[PDB]
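Below is one structure, written out as structure tokens, with a few remarks after it.
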Amino acid sequence: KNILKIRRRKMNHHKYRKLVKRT
Amino acid sequence: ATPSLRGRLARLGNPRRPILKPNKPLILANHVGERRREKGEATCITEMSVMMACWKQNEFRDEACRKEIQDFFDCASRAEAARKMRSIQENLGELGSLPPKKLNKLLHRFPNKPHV
Amino acid sequence: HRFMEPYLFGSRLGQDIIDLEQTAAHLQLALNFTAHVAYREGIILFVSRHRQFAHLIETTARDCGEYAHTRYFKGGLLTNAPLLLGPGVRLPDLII
Amino acid sequence: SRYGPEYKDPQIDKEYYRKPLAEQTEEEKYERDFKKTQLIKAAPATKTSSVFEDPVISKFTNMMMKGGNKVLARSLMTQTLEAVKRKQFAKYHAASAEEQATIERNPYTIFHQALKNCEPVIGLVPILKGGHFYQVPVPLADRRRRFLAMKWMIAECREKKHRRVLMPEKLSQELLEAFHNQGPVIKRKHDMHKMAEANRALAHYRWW
Amino acid sequence: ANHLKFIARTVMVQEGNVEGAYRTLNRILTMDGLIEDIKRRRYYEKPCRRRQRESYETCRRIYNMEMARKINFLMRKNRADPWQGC
Amino acid sequence: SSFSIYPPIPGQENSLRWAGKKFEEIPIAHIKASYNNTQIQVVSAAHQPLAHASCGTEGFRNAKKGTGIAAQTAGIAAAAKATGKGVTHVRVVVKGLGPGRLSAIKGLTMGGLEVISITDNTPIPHXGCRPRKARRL
RNA sequence: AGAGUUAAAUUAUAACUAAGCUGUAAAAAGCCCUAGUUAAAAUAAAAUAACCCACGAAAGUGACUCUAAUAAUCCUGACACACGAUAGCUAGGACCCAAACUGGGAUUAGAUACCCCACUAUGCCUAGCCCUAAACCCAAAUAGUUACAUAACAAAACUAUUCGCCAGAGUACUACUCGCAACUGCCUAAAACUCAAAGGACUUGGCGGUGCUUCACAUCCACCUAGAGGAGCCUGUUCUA
Ligand SMILES: [K+]
Ligand SMILES: [K+]
Ligand SMILES: [K+]
Ligand SMILES: [Mg+2]
Ligand SMILES: [Mg+2]
Ligand SMILES: [Mg+2]
Ligand SMILES: [Mg+2]
Ligand SMILES: [Mg+2]
Ligand SMILES: [Mg+2]
Ligand SMILES: [Mg+2]
Ligand SMILES: [Mg+2]
Ligand SMILES: [Mg+2]
Ligand SMILES: [Mg+2]
Ligand SMILES: [Mg+2]
Ligand SMILES: [Mg+2]
Ligand SMILES: [Mg+2]
Ligand SMILES: [Mg+2]
Ligand SMILES: [Mg+2]
Ligand SMILES: [Mg+2]
Ligand SMILES: [Mg+2]
Ligand SMILES: [Mg+2]
Ligand SMILES: [Mg+2]
Ligand SMILES: [Mg+2]
Ligand SMILES: [Mg+2]
Ligand SMILES: [Mg+2]
Ligand SMILES: [Mg+2]
Ligand SMILES: [Mg+2]
Ligand SMILES: [Mg+2]
Ligand SMILES: [Mg+2]
Ligand SMILES: [Mg+2]
Ligand SMILES: [Mg+2]
Ligand SMILES: [Mg+2]
Ligand SMILES: [Mg+2]
Ligand SMILES: [Mg+2]
Ligand SMILES: [Mg+2]
Ligand SMILES: [Mg+2]
Ligand SMILES: [Mg+2]
Ligand SMILES: [Mg+2]
């Protein structure tokens, strides 16, 4: 199902929102 | 009367926004669902409580609780009789409405036509 | 049915009325066609899956000397004839 | 089971056949028993038409049996009835005028009455719910209560008796103790009632 | 709070039985839907869930009341078949 | 025998007197049947409390007090204390929806107290305080 | 969009009675300044009607009353003008109740989670900003046709005028750049490099601590009898040799 793409975009946004916070 | 099904579902020729979003299509099947078994509840509670009153009031001796003890036995037999006969008769008792097996055969003789 | 519109004379209070003038024209050819295939020694089969005239239709074919099948129709009867009936079977030349 | 489904349990009571003319519905029952040509099982070796037998004695005799010694089990049950009879006879002799016509000298009457006082009225069955076991009281059936009384009698006199004291005499003492509602078996019956009354709010868990 | 007391949602027992009177009260609340309403107000349902619940309640009420009509309509066709073994 | 379910309206004059007193003069038995406890209080026509009882005060503790039997025992105890003060009939008002509604009603019946009217006064907000969130058990 | 208004519930608060009250599958913690009944502001939210499908351009709106009021003589159209749930920010006011964060209790190998109790931001009113959503009916606007014709699935197929958008997948609602009352932000949006696939729908099988119904006669539970695990001995493995 299309959830295999929303989850991939979920992780990237969740990791980017920690790269901004850390630096 | 049946609720109106006009301008409810999401269709191309529908200006009104959707009001109903069914999980499965509203197509009548050729069979009805089976009857659901009635969940059980604890029996002989109003008779056990009064029995416990005499036991606590007489040092757990049935020398004066004979009236309560017999009713507890009577309730157990009464509950036993009803529990061991409800299943067989309820299948064909039908409460005025045909059992699921008969309704399935009746519906098969006059099936629904989604196609053509 | 949608294809029966040309054959309908009209509808009377929600009840369709079949145009008998077109029925007479069709029935005249149907009887004429039925007789000719019987004249040439043809096998005629009466098929009717209706449980109110099954006996009457079955008796009708017996008097005419022709065959009738008003019972349940098996799946591979007319198509897979050799297996259902026998090794060499002559298929009916007309079905009513 | 070498007997098929058609075979039925035989009727042994002689009095049921010798006086059938006083009833009509029961006459229809046994006249159709052979008119249906229903096969009858062989008579069991234990049960007999002797008027001196008793069904409660046979069940109690069987449970006392260990291994396959029916002779030894029957011998023990014979001595126990004799031992009870001897003690009651001695007590009758050494009694006053009012005490004489109180003592019971019938061991069968004592044995039947003793077990009817050792039967619990309400039992317990564990019920699993929420990952834990709750002791929920239940209205035990008559057959279970009768069987449970016999097991308690045998369990007590087999375990906490002395090595010197014989089995027939030790069981005789407990029968008299249970006849007067003071034996340890009666204490165990009350203990089961204590636990049942304590968990009187958990009866809602059961679904029958 | 401001209305008179012992007028609304009140029944009176007859001939001295109370189990019968209580069941009459429950049928009053169930028909008016208060019993289910109290069940749903124990916790809070978001408006997203409220509309999704009213789209399943309405759909069931349509299918059930339509299958019910077909059963009644076809109920007369349950007599013994007069053409058995025809 | 024409019997009306609706209560006798105070404005009118209905010749239906229990134990020599009118309808409004009969005491009240408040029943608050929550999901974990059942509290029973009997009050006079002037809203003066007579007796109070609950599953907690009758020895039941923790989860046990929320069961039906606990509410049944509370009904028996409350009636006995009420009957001691000399009350025969009472108008029982049920508050809230819980497992102890049925038991408390018949608890007063078997405790030596007679009921004539049943009222349900469950708190029903008309739109009100926002209740707590859901439980994802 | 303004102005005025309040039925049901809840709370401050007072009287009376009671010793306990809340809470869970089961408990603890918390409370005892508490609970029940009677009397009762403010704030907040709008049972049944609604099995109705109306209004607005969309997001949205369904307690009552009054005032003002819903463009175009009735096509398409942007980066321009105006608007845009909820969360979030700035200043003042309100605070019943709910409640991220935080503290306590419990569960667990751990539980900085699910469950229980307390309370804050905040949800609310006035003025300003932010301009993001599965902003999805995933189906663009205006005129039409039921002809031709079934990839699959779904909400049947198509024609005319016009605008917007789309050129493998990952990298990527990212780097750099322009604008913005934004400054951990929004919009616009690549490449180096890696792979020969990514992706939509369907079919059968297996599985499901998914639901409904039915059933285990040595059998899963309830339940019956005799034994193994404890000791010596016999014998068979592993290890030691
Ligand atoms: K309202
Ligand atoms: K399958
Ligand atoms: K061994
Ligand atoms: Mg990634
Ligand atoms: Mg519209
Ligand atoms: Mg779906
Ligand atoms: Mg008010
Ligand atoms: Mg305003
Ligand atoms: Mg504590
Ligand atoms: Mg208070
Ligand atoms: Mg205040
Ligand atoms: Mg709507
Ligand atoms: Mg417009
Ligand atoms: Mg307009
Ligand atoms: Mg324009
Ligand atoms: Mg906004
Ligand atoms: Mg906001
Ligand atoms: Mg805000
Ligand atoms: Mg800032
Ligand atoms: Mg502020
Ligand atoms: Mg606050
Ligand atoms: Mg709070
Ligand atoms: Mg913690
Ligand atoms: Mg929306
Ligand atoms: Mg879109
Ligand atoms: Mg759109
Ligand atoms: Mg457009
Ligand atoms: Mg327009
Ligand atoms: Mg159009
Ligand atoms: Mg296909
Ligand atoms: Mg292409
Ligand atoms: Mg690329
Ligand atoms: Mg984004
Ligand atoms: Mg960005
Ligand atoms: Mg086994
Ligand atoms: Mg051995
Ligand atoms: Mg060993
Ligand atoms: Mg060994």
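In the structure tokens, chains take letters A, B, ... by order of appearance, with residues numbered from 1 within each chain and ligands from 1 in the order shown.
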Exercise. Do you know which residues are at most 12 Å from residue 23 of chain E counting only C-alpha atoms (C1' of nucleotides), after dropping those on the same chain fewer than 3 positions away, and could you put them as an NGL selection string?
Worked result: (:E and (11-13 or 17-20 or 26-30)) or (:F and (101-102 or 105 or 118))
For this session: May I ask you to extract the residues of chain G within 10 Å of chain A, using only C-alpha atoms (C1' of nucleotides), and to give them as a PyMOL selection string?
Result: chain G and resi 172-174+184+199-200
Compute the set of protein, DNA and RNA residues whose minimum atom distance to ligand 28 is at most 12 Å, using only C-alpha atoms (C1' of nucleotides) and all ligand atoms, and state it as a PDB file with C-alpha atoms (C1' of nucleotides), in the first residue's frame.
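This is the output file pocket-v3.pdb:
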```
ATOM      1  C1'   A G  57     -16.123  30.699  -2.469  1.00  0.00           C
ATOM      2  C1'   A G  71     -21.014  39.935  -5.997  1.00  0.00           C
ATOM      3  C1'   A G  72     -22.241  39.395 -11.668  1.00  0.00           C
ATOM      4  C1'   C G  74     -26.593  34.692 -15.089  1.00  0.00           C
ATOM      5  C1'   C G  75     -18.342  31.704 -19.759  1.00  0.00           C
ATOM      6  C1'   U G  76     -12.310  30.454 -18.839  1.00  0.00           C
ATOM      7  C1'   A G 141     -13.999  25.242 -14.205  1.00  0.00           C
ATOM      8  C1'   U G 142     -17.995  25.942 -17.877  1.00  0.00           C
TER       9        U G 142
END
```
For this session: Kindly work out which residues sit at most 12 Å from ligand 3, using only C-alpha atoms (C1' of nucleotides) and all ligand atoms, and give the list as a ChimeraX atom specification.
Result: /G:227-231,233-235
For the selection you just gave me, I'd like the residues written to a file as a PDB file, in the first residue's frame, keeping C-alpha atoms (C1' of nucleotides).
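Output below, filename again-v4.pdb:
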```pdb
ATOM      1  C1'   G G 227       3.371 -42.444  38.659  1.00  0.00           C
ATOM      2  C1'   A G 228       8.296 -39.414  37.102  1.00  0.00           C
ATOM      3  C1'   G G 229      11.543 -35.140  39.393  1.00  0.00           C
ATOM      4  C1'   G G 230      13.610 -36.647  46.135  1.00  0.00           C
ATOM      5  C1'   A G 231      17.247 -42.184  47.921  1.00  0.00           C
ATOM      6  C1'   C G 233      20.522 -49.886  42.275  1.00  0.00           C
ATOM      7  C1'   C G 234      20.305 -51.259  36.861  1.00  0.00           C
ATOM      8  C1'   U G 235      20.867 -49.346  32.052  1.00  0.00           C
TER       9        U G 235
END
```
Exercise answer, 10 Å around ligand 17 with only C-alpha atoms (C1' of nucleotides) and all ligand atoms, as a PDB file with N, CA and C atoms (P, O5', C5', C4', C3', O3' and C1' of nucleotides), in the first residue's frame:
```pdb
ATOM      1  P     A G  85      -8.155  29.567   9.901  1.00  0.00           P
ATOM      2  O5'   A G  85      -8.663  28.284  10.698  1.00  0.00           O
ATOM      3  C5'   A G  85     -10.049  28.059  10.904  1.00  0.00           C
ATOM      4  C4'   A G  85     -10.351  26.605  11.176  1.00  0.00           C
ATOM      5  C3'   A G  85      -9.735  26.004  12.429  1.00  0.00           C
ATOM      6  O3'   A G  85     -10.472  26.312  13.599  1.00  0.00           O
ATOM      7  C1'   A G  85      -9.468  24.515  10.602  1.00  0.00           C
ATOM      8  P     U G  86      -9.723  26.805  14.930  1.00  0.00           P
ATOM      9  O5'   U G  86      -8.608  25.698  15.184  1.00  0.00           O
ATOM     10  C5'   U G  86      -8.945  24.429  15.722  1.00  0.00           C
ATOM     11  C4'   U G  86      -7.754  23.505  15.729  1.00  0.00           C
ATOM     12  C3'   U G  86      -6.530  24.011  16.474  1.00  0.00           C
ATOM     13  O3'   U G  86      -6.603  23.807  17.873  1.00  0.00           O
ATOM     14  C1'   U G  86      -5.876  23.219  14.353  1.00  0.00           C
ATOM     15  P     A G  87      -5.908  24.850  18.876  1.00  0.00           P
ATOM     16  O5'   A G  87      -4.351  24.588  18.685  1.00  0.00           O
ATOM     17  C5'   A G  87      -3.773  23.354  19.079  1.00  0.00           C
ATOM     18  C4'   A G  87      -2.378  23.188  18.533  1.00  0.00           C
ATOM     19  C3'   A G  87      -1.366  24.242  18.942  1.00  0.00           C
ATOM     20  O3'   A G  87      -0.848  24.045  20.245  1.00  0.00           O
ATOM     21  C1'   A G  87      -1.198  23.864  16.625  1.00  0.00           C
ATOM     22  P     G G  88      -0.614  25.304  21.214  1.00  0.00           P
ATOM     23  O5'   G G  88       0.479  26.180  20.456  1.00  0.00           O
ATOM     24  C5'   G G  88       1.798  25.690  20.267  1.00  0.00           C
ATOM     25  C4'   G G  88       2.639  26.647  19.461  1.00  0.00           C
ATOM     26  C3'   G G  88       2.701  28.077  19.967  1.00  0.00           C
ATOM     27  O3'   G G  88       3.606  28.243  21.043  1.00  0.00           O
ATOM     28  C1'   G G  88       2.323  28.086  17.638  1.00  0.00           C
ATOM     29  P     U G 122      -0.602  30.403  27.661  1.00  0.00           P
ATOM     30  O5'   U G 122      -1.527  29.370  26.874  1.00  0.00           O
ATOM     31  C5'   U G 122      -1.184  28.922  25.572  1.00  0.00           C
ATOM     32  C4'   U G 122      -1.986  27.707  25.177  1.00  0.00           C
ATOM     33  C3'   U G 122      -3.472  27.935  24.951  1.00  0.00           C
ATOM     34  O3'   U G 122      -3.759  28.453  23.664  1.00  0.00           O
ATOM     35  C1'   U G 122      -3.164  26.029  26.315  1.00  0.00           C
ATOM     36  P     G G 123      -5.056  29.368  23.427  1.00  0.00           P
ATOM     37  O5'   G G 123      -6.262  28.327  23.406  1.00  0.00           O
ATOM     38  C5'   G G 123      -6.354  27.348  22.384  1.00  0.00           C
ATOM     39  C4'   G G 123      -7.438  26.340  22.668  1.00  0.00           C
ATOM     40  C3'   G G 123      -8.824  26.899  22.944  1.00  0.00           C
ATOM     41  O3'   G G 123      -9.524  27.230  21.758  1.00  0.00           O
ATOM     42  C1'   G G 123      -8.303  25.228  24.538  1.00  0.00           C
TER      43        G G 123
END
```
For this session: Compute the set of protein, DNA and RNA residues whose minimum atom distance to ligand 2 is at most 12 Å, using only C-alpha atoms (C1' of nucleotides) and all ligand atoms, and state it as a count of residues only.
Result: 5
Return as a PDB file with N, CA, C and O atoms (P, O5', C5', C4', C3', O3' and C1' of nucleotides), in the first residue's frame the residues of protein, DNA or RNA that approach ligand 30 to within 10 Å, with only C-alpha atoms (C1' of nucleotides) and all ligand atoms taken into account.
```
ATOM      1  P     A G 151     -11.622  -1.641 -21.323  1.00  0.00           P
ATOM      2  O5'   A G 151     -11.223  -2.237 -19.902  1.00  0.00           O
ATOM      3  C5'   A G 151      -9.984  -1.896 -19.303  1.00  0.00           C
ATOM      4  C4'   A G 151      -9.135  -3.113 -19.035  1.00  0.00           C
ATOM      5  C3'   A G 151      -9.288  -3.746 -17.659  1.00  0.00           C
ATOM      6  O3'   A G 151     -10.397  -4.622 -17.569  1.00  0.00           O
ATOM      7  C1'   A G 151      -7.000  -3.438 -18.119  1.00  0.00           C
ATOM      8  P     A G 152     -11.427  -4.495 -16.343  1.00  0.00           P
ATOM      9  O5'   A G 152     -10.518  -4.669 -15.047  1.00  0.00           O
ATOM     10  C5'   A G 152      -9.987  -5.936 -14.693  1.00  0.00           C
ATOM     11  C4'   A G 152      -9.051  -5.836 -13.513  1.00  0.00           C
ATOM     12  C3'   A G 152      -9.640  -5.241 -12.245  1.00  0.00           C
ATOM     13  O3'   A G 152     -10.368  -6.189 -11.487  1.00  0.00           O
ATOM     14  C1'   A G 152      -7.558  -4.225 -12.697  1.00  0.00           C
ATOM     15  P     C G 202      -6.989  -4.959  -5.020  1.00  0.00           P
ATOM     16  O5'   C G 202      -6.839  -6.314  -5.842  1.00  0.00           O
ATOM     17  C5'   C G 202      -7.805  -6.684  -6.815  1.00  0.00           C
ATOM     18  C4'   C G 202      -7.293  -7.769  -7.728  1.00  0.00           C
ATOM     19  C3'   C G 202      -7.088  -9.137  -7.098  1.00  0.00           C
ATOM     20  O3'   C G 202      -8.294  -9.870  -6.980  1.00  0.00           O
ATOM     21  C1'   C G 202      -5.210  -8.582  -8.426  1.00  0.00           C
ATOM     22  P     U G 203      -8.494 -10.909  -5.772  1.00  0.00           P
ATOM     23  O5'   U G 203      -7.677 -12.194  -6.235  1.00  0.00           O
ATOM     24  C5'   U G 203      -8.077 -12.934  -7.377  1.00  0.00           C
ATOM     25  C4'   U G 203      -7.114 -14.054  -7.672  1.00  0.00           C
ATOM     26  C3'   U G 203      -6.801 -14.985  -6.513  1.00  0.00           C
ATOM     27  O3'   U G 203      -7.796 -15.975  -6.326  1.00  0.00           O
ATOM     28  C1'   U G 203      -4.793 -14.360  -7.601  1.00  0.00           C
TER      29        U G 203
END
```
For this session: Just need the residues of chain G within 12 Å of chain B, counting only C-alpha atoms (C1' of nucleotides), so spit them out as a list in words.
Result: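 The contacting residues on chain G are residues 50, 51, 52, 53, 54, 136, 137, 139, 154, 155, 156, 211, 212, 213 and 214 of chain G.
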For this session: Have a look at atom CA of residue 92 of chain D and atom CA of residue 186 of chain D and let me know their distance in Å, one decimal.
Result: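 Going from atom CA of residue 92 of chain D over to atom CA of residue 186 of chain D, I get 24.8 Å.
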Show me a table, sorted first by chain and then by increasing residue number, of the residues of chain D having an atom at most 9 Å from chain F, each with its shortest atom pair and the distance in Å to one decimal, counting only C-alpha atoms and written as a tab-separated table.
```
residue	atom	partner	partner_atom	distance
D:200	CA	F:69	CA	8.3
D:201	CA	F:64	CA	5.9
D:202	CA	F:64	CA	7.7
D:204	CA	F:67	CA	7.8
```
So that I have them on file, write out the residues from the current selection with N, CA and C atoms, as a PDB file, in the first residue's frame.
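Done, and the output landed in selection28.pdb:
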```pdb
ATOM      1  N   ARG D 200     -17.255 -14.089  48.667  1.00  0.00           N
ATOM      2  CA  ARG D 200     -18.644 -14.015  48.236  1.00  0.00           C
ATOM      3  C   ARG D 200     -18.888 -12.909  47.221  1.00  0.00           C
ATOM      4  N   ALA D 201     -17.950 -11.978  47.062  1.00  0.00           N
ATOM      5  CA  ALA D 201     -18.078 -10.917  46.075  1.00  0.00           C
ATOM      6  C   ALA D 201     -17.485 -11.290  44.725  1.00  0.00           C
ATOM      7  N   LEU D 202     -16.795 -12.423  44.633  1.00  0.00           N
ATOM      8  CA  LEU D 202     -16.216 -12.887  43.382  1.00  0.00           C
ATOM      9  C   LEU D 202     -17.137 -13.824  42.615  1.00  0.00           C
ATOM     10  N   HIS D 204     -19.557 -13.085  40.832  1.00  0.00           N
ATOM     11  CA  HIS D 204     -19.961 -12.498  39.562  1.00  0.00           C
ATOM     12  C   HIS D 204     -19.042 -12.895  38.415  1.00  0.00           C
TER      13      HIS D 204
END
```
For this session: Identify all chain B residues at most 6 Å from chain D by counting only C-alpha atoms; ligands do not count. Present them as number ranges by chain.
Result: B: 40-42
Include N, CA and C atoms and write out the residues we just selected as a short mmCIF file (atom, residue, chain, number, x, y, z; two decimals), in the first residue's frame.
```cif
data_model
loop_
_atom_site.label_atom_id
_atom_site.label_comp_id
_atom_site.auth_asym_id
_atom_site.auth_seq_id
_atom_site.Cartn_x
_atom_site.Cartn_y
_atom_site.Cartn_z
N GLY B 40 -23.77 -15.23 29.06
CA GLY B 40 -24.28 -15.69 30.33
C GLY B 40 -23.96 -14.76 31.48
N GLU B 41 -24.72 -14.91 32.56
CA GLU B 41 -24.52 -14.16 33.79
C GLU B 41 -24.61 -15.11 34.97
N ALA B 42 -23.96 -14.73 36.07
CA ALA B 42 -23.96 -15.56 37.27
C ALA B 42 -25.38 -15.75 37.78
#
```
For this session: For segment 37-40 of chain F, please output as a ChimeraX atom specification all residues within 7 Å (counting only C-alpha atoms (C1' of nucleotides); exclusion window: fewer than 6 positions along the same chain).
Result: /F:29-31,52-55,65-66,71,78,100
Contacts with ligand 32 at most 9 Å, only C-alpha atoms (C1' of nucleotides) and all ligand atoms counted, listed as a PDB file with C-alpha atoms (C1' of nucleotides), in the first residue's frame:
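Output (part25.pdb):
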```pdb
ATOM      1  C1'   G G 168      12.461   6.261 -13.529  1.00  0.00           C
ATOM      2  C1'   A G 169      13.370   5.244  -7.975  1.00  0.00           C
ATOM      3  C1'   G G 170      16.404   6.800  -3.638  1.00  0.00           C
ATOM      4  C1'   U G 171      19.200  11.122  -2.382  1.00  0.00           C
TER       5        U G 171
END
```
